[PDB]
Amino acid sequence: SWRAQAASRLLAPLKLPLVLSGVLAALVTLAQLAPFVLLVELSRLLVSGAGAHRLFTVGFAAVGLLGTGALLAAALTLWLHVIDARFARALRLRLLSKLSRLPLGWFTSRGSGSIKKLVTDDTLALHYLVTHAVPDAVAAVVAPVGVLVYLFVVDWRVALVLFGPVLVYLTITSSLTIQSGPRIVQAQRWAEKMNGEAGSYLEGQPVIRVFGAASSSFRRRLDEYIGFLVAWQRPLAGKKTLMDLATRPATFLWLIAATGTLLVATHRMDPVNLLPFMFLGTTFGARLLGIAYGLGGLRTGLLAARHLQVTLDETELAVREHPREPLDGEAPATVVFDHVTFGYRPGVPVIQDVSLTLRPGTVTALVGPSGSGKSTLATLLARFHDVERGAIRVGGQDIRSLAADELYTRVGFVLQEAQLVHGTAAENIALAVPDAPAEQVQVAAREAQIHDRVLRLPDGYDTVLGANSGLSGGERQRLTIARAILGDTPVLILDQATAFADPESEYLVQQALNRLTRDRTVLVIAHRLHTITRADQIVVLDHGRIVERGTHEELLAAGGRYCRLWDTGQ
Amino acid sequence: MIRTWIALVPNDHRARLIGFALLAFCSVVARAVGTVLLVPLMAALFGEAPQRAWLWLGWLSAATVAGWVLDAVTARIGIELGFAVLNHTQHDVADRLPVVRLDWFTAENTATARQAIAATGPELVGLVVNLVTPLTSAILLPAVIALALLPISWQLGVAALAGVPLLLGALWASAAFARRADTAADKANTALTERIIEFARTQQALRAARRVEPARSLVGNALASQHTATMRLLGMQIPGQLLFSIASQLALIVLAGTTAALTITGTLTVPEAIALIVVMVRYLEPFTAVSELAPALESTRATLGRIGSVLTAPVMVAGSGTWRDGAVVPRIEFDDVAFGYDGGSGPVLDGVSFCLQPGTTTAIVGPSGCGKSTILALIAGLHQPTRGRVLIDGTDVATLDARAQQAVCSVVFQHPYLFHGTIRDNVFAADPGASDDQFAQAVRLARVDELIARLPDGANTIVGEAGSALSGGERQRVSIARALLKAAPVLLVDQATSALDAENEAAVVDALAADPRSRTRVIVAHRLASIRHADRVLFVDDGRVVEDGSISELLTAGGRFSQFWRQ
Ligand SMILES: Nc1ncnc2c1ncn2[C@@H]1O[C@H](COP(=O)(O)OP(=O)(O)OP(=O)(O)O)[C@@H](O)[C@H]1O
Ligand SMILES: Nc1ncnc2c1ncn2[C@@H]1O[C@H](COP(=O)(O)OP(=O)(O)OP(=O)(O)O)[C@@H](O)[C@H]1O
Ligand SMILES: [Mg+2]
Ligand SMILES: [Mg+2]
Ligand SMILES: [Mg+2]
């Protein structure tokens with residue numbers, strides 16, 4: 001596609017440094033074309049005489065102009081690569097500031113290999129289109145058109161032969177932009193498809209070493225990528241070579257030498273009129289070839305610019321959507337669900353009409369079968385998903401009107417999959433509060449019963465952990481329980497947090513969490529029903545709807561759905 | 001690019017690789033001869049009779065046609081050497097990766113592998129033409145033009161030989177000025193892509209810790225450093241361009257001085273010097289052709305360095321033994337094993353010895369971080385011990401063929417990782433040539449049949465990147481179903497119940513312990529109702545097996561196991 005819409009709204013702040021680099025690239029190519037109009041006046045001057053005082057100043061004015069035109073041509077392709085390295089950053093800094101507020105459903109559909117591509121290899125695919133696209137298209141129009149105009153007035157007969165290569169070039173370059181135009185979009189579906197395979201082939205390495213047949217889907221999406229590159233570059237490099245053999249300065253120098261030795265041998269021409277050809281009819285080939293070899297990049301920069309603008313127009317999580325008012329009924333740090341309805345796919349719902357409310361200083365349980373909307377409830381409380389019906393009001397105000405920088409300073413979260421960033425052991429505990437001086441990280445680690453272990457790493461609290469390069473899974477979540485103890489919040493939402501903890505090191509972590517949160521609001525999702533026997537309110541939740549709520553001594557002693565989820569395990 | 005790229009091409013192509021460097025030398029020789037044949041032509045096209053320039057146009061036409069043919073042939077043989085290096089190296093990397101030691105994949109040895117298997121694309125099928133063909137052609141052209149100028153007069157031959165050391169030195173100094181800034185820009189780009197992948201992967205934690213805005217993101221700093229590195233690279237690249245311009249200018253001055261001197265003294269006529277001017281323009285063109293190819297040269301240097309670093313990784317040890325028709329419900333046994341991790345504290349295990357009976361369930365309980373998921377990884381074979389021996393059915397596991405020792409275990413990992421696809425694809429990833437009877441058996445034992453009958457497009461639902469399109473319990477049950485669908489006569493189950501609720505875990509435990517296929521099962525557990533069946537418990541603590549025995553007698557003698565659950 002040759003459309004520019006959504007590719008002219010994106011790269012619109014470079015409005016002027018493209019009209020100014022078009023008059024500064026059709027003025028530089030007139031300075032790299034000046035030495036050869038002087039080598040032509042000197043060549044027709046040697047033949048006649050012109051005592052050395054005149055040959056000095058046309059020979060020295062053609063070896064200085066070469067240097068000058070080669071110097072003020074690298075001063076423009078350096079000013080262009082600077083205002084592009086400065087624009088790629090200003091653009092890919094708007095990308096990861098825009099998709100830092102898209103709903104998490106936008107992340108779990110692209111993956112991590114199609115998001116890395118979008119940011120790195122899509123703002124890098126606009127190079128050619130930005131820097132060297134207008135100069136190459138404004139030089140290949142003023143050098144050939146004009147070096148072929150000046151040559152039709154010296155001799156139309158010989159200059160009529162130089163259209164031979166120009167006509168063969170125009171067909172080989174027109175049967176190329178036609179032939180390879182589905183394979184410029186078909187090759188962007190393979191880049192973001194091989195990035196995903198590369199991501200899932202290095203991370204899931206312990207699985208490929210046991211089952212083996214899991215690498216089948218990678219080794220079969222690779223013989224196809226190779227088979228697609230093979231029959232994409234095979235017929236393209238031949239047409240990129242037949243396009244250089246016709247545009248080469250050794251072809252014009254033979255055509256001229258062959259058609260001028262026909263007009264001078266038959267006395268039709270004078271050999272002194274060939275001189276304007278030998279030095280000028282060989283220049284415009286470079287410009288023609290440069291604009292021809294740069295249509296693939298020019299068309300890839302229009303797909304990249306269209307993928308980058310359909311993303312910068314997405315619907316994000318607005319921070320004023322609908323508040324009632326900040327007051328009238330609920331104290332600070334009390335959460336309230338009312339008639340909440342949500343579903344990840346438009347058709348199917350996940351949670352259906354849950355009411356529920358958490359009091360300022362009490363503990364709630366949120367128990368229930370697996371796959372029954374509990375992590376989803378916590379997630380849409382964290383404002384990751386923007387529920388579809390009903391409201392959520394933490395502290396009296398809808399969470400759709402909190403700045404997402406005042407929301408996460410009220411609610412704290414210990415997620416169900418303990419993920420930690422690539423930093424030291426103290427840049428993973430002080431992640432919410434990066435500046436806990438040094439003896440608050442130690443107190444947080446002391447409360448989460450991980451201080452003695454972290455003080456055993458190769459170099460203590462300064463050991464770079466990264467993605468599972470230390471800290472066995474049972475104690476890489478006690479480092480995320482400390483990350484939420486440090487940076488205390490008036491309401492803490494604990495997910496399944498003691499899943500990987502033994503029942504001697506979970507009795508201490510859940511005892512140093514009963515002393516801290518004596519006035520906080522807690523919601524502790526749990527599957528071990530014996531840890532939460534002493535909660536203030538247990539709420540069963542199966543198939544996305546509350547079915548039972550009480551104090552567990554009313555639950556196991558009146559009714560079911562809990563007296564047959566607790567009796568299966570005693 | 002040379003002696004590095006030559007190492008990538010296979011040997012069956014080392015019969016048409018030394019026949020490709022000949023058709024390029026003949027190509028540049030034809031180009032140089034066609035360029036030089038203009039001086040005898042223009043000298044007879046200006047003379048008394050210009051009709052004796054016909055015998056000098058036949059030769060120019062011959063040279064031009066030969067140049068056309070040779071360039072087309074070397075552009076056709078070029079891509080056939082890219083389609084044979086890309087294929088070879090990609091397949092070699094894909095086959096090498098599942099054998100590299102698990103302690104090789106650090107945080108920086110993983111970005112390298114990911115770039116090797118993800119970035120290397122049209123720049124491996126297009127360096128054999130794009131990079132090396134014009135580069136060697138432009139390097140060779142001035143010297144051959146000088147050797148062809150020698151017959152006209154030797155002064156110009158020795159004046160144009162003096163030009164090629166200038167071009168070589170300009171190339172060397174241009175590549176040596178920017179080299180540090182270039183490798184720094186490469187490191188910055190790699191760090192930026194790694195930070196971007198981390199930001200896209202662990203996004204909920206970053207959001208809940210409000211570290212997502214680029215003012216405080218961990219990726220904003222990487223982007224800033226990447227920008228400064230690229231600006232420094234742009235600034236350091238220009239001395240190379242100025243030096244190339246200076247080399248061009250002074251070589252042109254030497255050639256023009258020799259030509260003017262030889263014209264004045266009386267050797268060359270005036271018709272000849274005019275053709276020599278065109279010859280020297282053609283001579284100067286390679287100088288401006290190499291300036292473009294230098295940066296691409298450094299880029300392909302970096303790419304091939306990455307590929308080679310991946311291809312020269314330390315592989316895991318493996319002997320040559322095999323099995324007797326697989327195993328036959330084997331007996332695992334540790335023989336004074338001791339294993340410490342590569343980067344970390346001292347040894348996890350040190351001299352742990354025990355013998356597991358064949359066809360018996362065995363539990364491994366203990367405190368957190370006390371060496372259990374490392375005992376399972378030593379049994380499986382994912383880690384070689386640093387002292388001692390692991391004997392499955394008597395045969396040391398490290399004296400077995402690499403493909404005959406990954407078929408005696410089916411592991412359920414602590415952190416389940418499913419691949420991108422549907423549910424049935426992941427379940428069939430263990431045994432792809434399975435029927436529907438064994439598939440239904442596996443999926444029913446792991447309580448995934450109700451999960452499938454409870455989903456809109458069950459057995460075809462996408463499962464996200466790892467399991468992100470599934471709950472923590474559904475992903476774990478899919479992993480259990482996958483691990484049960486394999487004929488390995490050893491079932492290493494890890495925690496594998498942490499996420500299942502009270503009535504899913506009881507069903508899964510009963511079904512897993514009521515398997516029709518006889519196996520040697522090993523269970524690691526933190527819950528008490530999760531073993532309930534194992535006839536032998538191993539209470540590992542800090543790396544030592546404090547005590548073992550049956551559950552019916554460990555809780556009647558006051559020890560670690562008795563009071564490990566009362567409180
Ligand atoms: N990113 C997603 N896209 C689509 N569907 C999802 C996504 N995440 C979860 N689901 C679906 O929503 C349902 C609710 O799952 P949820 O994560 O709430 O389970 P849960 O009750 O927390 O489970 P457990 O307690 O066992 O961890 C699940 O059946 C799951 O299939
Ligand atoms: N990838 C790794 N690199 C370096 N050290 C590690 C790595 N994984 C674990 N360790 C260390 O080795 C020791 C043994 O860890 P292991 O995985 O056996 O713990 P675990 O018994 O699985 O813990 P849990 O039972 O709580 O999951 C741990 O103390 C841990 O700190
Ligand atoms: Mg560039
Ligand atoms: Mg959950
Ligand atoms: Mg473990």
# chains A, B, ... in the order shown; residues from 1 in each chain; ligands from 1
$ residues_around --residues "residue 429 in chain B" --least-positions-apart "6" --cutoff "9 Å" --atoms "only C-alpha atoms" --output "PDB file with N, CA and C atoms, in the first residue's frame"
ATOM      1  N   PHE A 211      10.314 -32.608  27.603  1.00  0.00           N
ATOM      2  CA  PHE A 211       9.286 -33.154  26.724  1.00  0.00           C
ATOM      3  C   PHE A 211       9.755 -33.187  25.276  1.00  0.00           C
ATOM      4  N   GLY A 212      10.603 -32.255  24.892  1.00  0.00           N
ATOM      5  CA  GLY A 212      11.259 -32.323  23.591  1.00  0.00           C
ATOM      6  C   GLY A 212      10.419 -31.956  22.394  1.00  0.00           C
ATOM      7  N   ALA A 213       9.203 -32.497  22.318  1.00  0.00           N
ATOM      8  CA  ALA A 213       8.295 -32.236  21.211  1.00  0.00           C
ATOM      9  C   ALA A 213       7.619 -30.876  21.321  1.00  0.00           C
ATOM     10  N   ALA A 214       7.973 -30.087  22.335  1.00  0.00           N
ATOM     11  CA  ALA A 214       7.480 -28.723  22.450  1.00  0.00           C
ATOM     12  C   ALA A 214       8.257 -27.758  21.572  1.00  0.00           C
ATOM     13  N   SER A 215       9.470 -28.137  21.166  1.00  0.00           N
ATOM     14  CA  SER A 215      10.239 -27.310  20.243  1.00  0.00           C
ATOM     15  C   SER A 215       9.821 -27.560  18.801  1.00  0.00           C
ATOM     16  N   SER A 216       8.845 -28.441  18.590  1.00  0.00           N
ATOM     17  CA  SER A 216       8.360 -28.734  17.249  1.00  0.00           C
ATOM     18  C   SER A 216       7.735 -27.494  16.630  1.00  0.00           C
TER      19      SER A 216
ATOM     20  N   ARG B 482      -0.338 -32.459  30.863  1.00  0.00           N
ATOM     21  CA  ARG B 482       0.763 -32.636  29.925  1.00  0.00           C
ATOM     22  C   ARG B 482       1.782 -33.637  30.441  1.00  0.00           C
ATOM     23  N   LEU B 485       0.665 -37.326  30.215  1.00  0.00           N
ATOM     24  CA  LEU B 485       0.649 -37.859  28.854  1.00  0.00           C
ATOM     25  C   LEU B 485       2.054 -38.101  28.324  1.00  0.00           C
TER      26      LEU B 485
END
$ residues_near_ligand --ligand "ligand 2" --cutoff "9 Å" --atoms "only C-alpha atoms and all ligand atoms" --output "ChimeraX atom specification"
/A:453-454,456-457,465,467-476,500-502 /B:102-103,340-345,347-349,365-377,414,494-495,524-526,540-543
$ residues_around --residues "range 354-366 of chain A" --least-positions-apart "4" --cutoff "6 Å" --atoms "only C-alpha atoms" --output "list in words"
residues 333, 334, 335, 336, 337, 338, 339, 340, 519, 520, 521, 522, 523, 524, 525, 535, 536, 537, 538, 539, 540 and 545 of chain A
$ write_last_selection --atoms "C-alpha atoms" --output "PDB file, in the first residue's frame"
ATOM      1  CA  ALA A 333      -9.624   2.891  53.287  1.00  0.00           C
ATOM      2  CA  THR A 334     -12.936   1.022  52.913  1.00  0.00           C
ATOM      3  CA  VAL A 335     -13.466  -0.713  49.573  1.00  0.00           C
ATOM      4  CA  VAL A 336     -16.929  -1.250  48.106  1.00  0.00           C
ATOM      5  CA  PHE A 337     -17.927  -3.478  45.209  1.00  0.00           C
ATOM      6  CA  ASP A 338     -21.518  -3.070  44.063  1.00  0.00           C
ATOM      7  CA  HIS A 339     -23.087  -4.993  41.176  1.00  0.00           C
ATOM      8  CA  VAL A 340     -19.774  -5.469  39.405  1.00  0.00           C
ATOM      9  CA  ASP A 519      -5.960  -1.042  61.465  1.00  0.00           C
ATOM     10  CA  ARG A 520      -5.532  -1.743  57.732  1.00  0.00           C
ATOM     11  CA  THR A 521      -8.043  -3.374  55.365  1.00  0.00           C
ATOM     12  CA  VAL A 522      -7.020  -6.857  54.256  1.00  0.00           C
ATOM     13  CA  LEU A 523      -8.377  -9.263  51.637  1.00  0.00           C
ATOM     14  CA  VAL A 524      -6.438 -12.535  51.747  1.00  0.00           C
ATOM     15  CA  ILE A 525      -7.286 -14.926  48.918  1.00  0.00           C
ATOM     16  CA  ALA A 535     -10.987 -14.041  59.549  1.00  0.00           C
ATOM     17  CA  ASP A 536     -13.779 -11.556  60.178  1.00  0.00           C
ATOM     18  CA  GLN A 537     -15.756 -12.537  57.073  1.00  0.00           C
ATOM     19  CA  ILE A 538     -15.309 -15.403  54.609  1.00  0.00           C
ATOM     20  CA  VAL A 539     -16.979 -15.091  51.198  1.00  0.00           C
ATOM     21  CA  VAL A 540     -17.228 -18.072  48.853  1.00  0.00           C
ATOM     22  CA  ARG A 545     -20.804 -14.904  42.047  1.00  0.00           C
TER      23      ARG A 545
END
$ select_by_dssp --residues "range 310-471 of chain B" --states "alpha helix (DSSP H)" --output "list in words"
residues 310, 311, 375, 376, 377, 378, 379, 380, 423, 424, 425, 426, 427, 428, 437, 438, 439, 440, 441, 442, 443, 444, 445, 449, 450, 451 and 452 of chain B
$ residues_around --residues "residue 438 in chain A" --least-positions-apart "2" --cutoff "12 Å" --atoms "only C-alpha atoms" --output "list in words"
residues 426, 427, 429, 430, 433, 434, 435, 436, 440, 441, 442, 443, 444, 445, 461, 462 and 486 of chain A
$ write_last_selection --atoms "N, CA and C atoms" --output "mmCIF file, in the first residue's frame"
data_model
loop_
_atom_site.group_PDB
_atom_site.id
_atom_site.type_symbol
_atom_site.label_atom_id
_atom_site.label_comp_id
_atom_site.auth_asym_id
_atom_site.auth_seq_id
_atom_site.Cartn_x
_atom_site.Cartn_y
_atom_site.Cartn_z
ATOM 1 N N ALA A 426 17.931 -5.466 46.875
ATOM 2 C CA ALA A 426 17.331 -4.324 47.544
ATOM 3 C C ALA A 426 16.625 -3.383 46.581
ATOM 4 N N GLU A 427 16.798 -3.571 45.274
ATOM 5 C CA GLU A 427 16.001 -2.881 44.268
ATOM 6 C C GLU A 427 14.774 -3.692 43.882
ATOM 7 N N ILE A 429 13.048 -5.292 46.768
ATOM 8 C CA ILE A 429 12.248 -5.001 47.942
ATOM 9 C C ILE A 429 11.798 -3.547 47.975
ATOM 10 N N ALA A 430 12.677 -2.609 47.653
ATOM 11 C CA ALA A 430 12.323 -1.205 47.543
ATOM 12 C C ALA A 430 12.014 -0.893 46.084
ATOM 13 N N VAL A 433 8.751 1.951 46.914
ATOM 14 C CA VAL A 433 9.440 3.089 47.515
ATOM 15 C C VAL A 433 10.930 2.928 47.245
ATOM 16 N N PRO A 434 11.448 3.448 46.131
ATOM 17 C CA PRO A 434 12.844 3.157 45.772
ATOM 18 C C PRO A 434 13.865 3.735 46.734
ATOM 19 N N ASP A 435 13.448 4.573 47.678
ATOM 20 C CA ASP A 435 14.368 5.334 48.514
ATOM 21 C C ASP A 435 14.182 5.051 50.001
ATOM 22 N N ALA A 436 13.738 3.851 50.345
ATOM 23 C CA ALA A 436 13.794 3.422 51.738
ATOM 24 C C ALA A 436 15.260 3.344 52.133
ATOM 25 N N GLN A 440 15.063 0.242 56.255
ATOM 26 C CA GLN A 440 13.629 0.016 56.201
ATOM 27 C C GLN A 440 13.406 -1.155 55.265
ATOM 28 N N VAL A 441 14.283 -1.284 54.274
ATOM 29 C CA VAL A 441 14.374 -2.515 53.507
ATOM 30 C C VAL A 441 14.737 -3.687 54.411
ATOM 31 N N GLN A 442 15.648 -3.475 55.360
ATOM 32 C CA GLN A 442 16.019 -4.543 56.276
ATOM 33 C C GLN A 442 14.877 -4.894 57.217
ATOM 34 N N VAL A 443 14.090 -3.907 57.646
ATOM 35 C CA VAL A 443 12.963 -4.204 58.526
ATOM 36 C C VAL A 443 11.862 -4.927 57.759
ATOM 37 N N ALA A 444 11.602 -4.506 56.521
ATOM 38 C CA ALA A 444 10.637 -5.208 55.683
ATOM 39 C C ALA A 444 11.055 -6.656 55.463
ATOM 40 N N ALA A 445 12.337 -6.884 55.167
ATOM 41 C CA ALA A 445 12.815 -8.250 54.982
ATOM 42 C C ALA A 445 12.779 -9.031 56.290
ATOM 43 N N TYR A 461 22.802 -7.720 50.214
ATOM 44 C CA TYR A 461 21.661 -6.996 49.665
ATOM 45 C C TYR A 461 21.963 -6.326 48.339
ATOM 46 N N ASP A 462 23.109 -6.616 47.726
ATOM 47 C CA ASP A 462 23.482 -6.006 46.458
ATOM 48 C C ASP A 462 23.619 -7.031 45.342
ATOM 49 N N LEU A 486 6.988 -3.005 52.968
ATOM 50 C CA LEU A 486 7.660 -1.731 52.774
ATOM 51 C C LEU A 486 6.828 -0.884 51.825
#
$ select_by_dssp --residues "range 233-454 of chain B" --states "strand (DSSP E)" --output "PyMOL selection string"
chain B and resi 332-339+349-355+362-365+387-392+395-396+410-412
$ closest_residue --among "B:548, B:501, B:510, B:186" --to "chain A" --atoms "only C-alpha atoms"
B:501
$ residues_around --residues "residue 549 in chain B" --least-positions-apart "3" --cutoff "7 Å" --atoms "only C-alpha atoms" --output "list in words"
residues 536, 537, 553 and 554 of chain B
$ write_last_selection --atoms "N, CA and C atoms" --output "PDB file, in the first residue's frame"
ATOM      1  N   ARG B 536       6.938 -43.559  51.843  1.00  0.00           N
ATOM      2  CA  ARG B 536       8.256 -43.220  52.369  1.00  0.00           C
ATOM      3  C   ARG B 536       8.447 -41.722  52.234  1.00  0.00           C
ATOM      4  N   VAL B 537       8.749 -41.057  53.341  1.00  0.00           N
ATOM      5  CA  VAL B 537       8.950 -39.615  53.376  1.00  0.00           C
ATOM      6  C   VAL B 537      10.424 -39.333  53.610  1.00  0.00           C
ATOM      7  N   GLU B 553       4.952 -44.013  60.836  1.00  0.00           N
ATOM      8  CA  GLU B 553       5.917 -44.122  61.921  1.00  0.00           C
ATOM      9  C   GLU B 553       6.776 -42.884  62.111  1.00  0.00           C
ATOM     10  N   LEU B 554       6.679 -41.877  61.246  1.00  0.00           N
ATOM     11  CA  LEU B 554       7.394 -40.632  61.486  1.00  0.00           C
ATOM     12  C   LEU B 554       6.659 -39.741  62.476  1.00  0.00           C
TER      13      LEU B 554
END
$ atom_distance --atom1 "CA of residue 29 in chain B" --atom2 "CA of residue 52 in chain B"
25.0 Å
$ residues_near_ligand --ligand "ligand 3" --cutoff "10 Å" --atoms "only C-alpha atoms and all ligand atoms" --output "ChimeraX atom specification"
/A:77-78,80-81,84,127-128,130-132 /B:292,295-296
$ write_last_selection --atoms "N, CA, C and O atoms" --output "CSV table (one decimal), in the first residue's frame"
chain,number,residue,atom,x,y,z
A,77,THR,N,23.9,14.8,5.8
A,77,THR,CA,23.6,13.5,6.2
A,77,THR,C,24.0,13.2,7.6
A,77,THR,O,23.7,12.1,8.2
A,78,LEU,N,24.6,14.2,8.3
A,78,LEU,CA,24.9,14.1,9.7
A,78,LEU,C,23.9,15.0,10.5
A,78,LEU,O,23.4,14.5,11.6
A,80,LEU,N,20.9,15.3,9.4
A,80,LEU,CA,19.6,14.5,9.3
A,80,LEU,C,19.6,13.3,10.2
A,80,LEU,O,18.5,12.9,10.6
A,81,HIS,N,20.7,12.6,10.4
A,81,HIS,CA,20.8,11.5,11.3
A,81,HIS,C,20.7,11.9,12.8
A,81,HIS,O,20.4,11.1,13.7
A,84,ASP,N,16.9,12.8,13.5
A,84,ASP,CA,16.2,11.5,13.5
A,84,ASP,C,16.5,10.6,14.7
A,84,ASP,O,15.6,10.0,15.2
A,127,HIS,N,13.8,4.9,9.9
A,127,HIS,CA,15.0,5.6,9.6
A,127,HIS,C,14.9,6.1,8.1
A,127,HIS,O,14.4,7.1,7.9
A,128,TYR,N,15.1,5.2,7.2
A,128,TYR,CA,15.2,5.6,5.8
A,128,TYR,C,14.1,6.6,5.5
A,128,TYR,O,14.4,7.6,4.9
A,130,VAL,N,12.7,8.8,7.2
A,130,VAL,CA,13.0,10.1,7.7
A,130,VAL,C,14.2,10.7,7.1
A,130,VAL,O,14.2,11.8,6.5
A,131,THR,N,15.4,10.1,7.3
A,131,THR,CA,16.6,10.8,7.1
A,131,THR,C,16.9,10.9,5.6
A,131,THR,O,16.9,11.9,5.0
A,132,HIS,N,17.2,9.7,5.0
A,132,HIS,CA,17.6,9.5,3.6
A,132,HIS,C,16.4,9.1,2.7
A,132,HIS,O,16.6,8.1,2.1
B,292,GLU,N,30.5,4.0,2.6
B,292,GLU,CA,29.1,3.6,2.9
B,292,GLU,C,29.2,2.2,3.5
B,292,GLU,O,28.3,1.8,4.4
B,295,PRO,N,30.2,1.1,8.0
B,295,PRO,CA,29.2,0.9,9.1
B,295,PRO,C,28.6,-0.4,9.1
B,295,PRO,O,28.4,-1.1,10.1
B,296,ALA,N,28.1,-0.8,7.9
B,296,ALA,CA,27.5,-2.1,7.7
B,296,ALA,C,28.5,-3.2,8.1
B,296,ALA,O,28.1,-4.3,8.6
$ atom_distance --atom1 "CA of residue 5 in chain B" --atom2 "CA of residue 294 in chain B"
16.2 Å
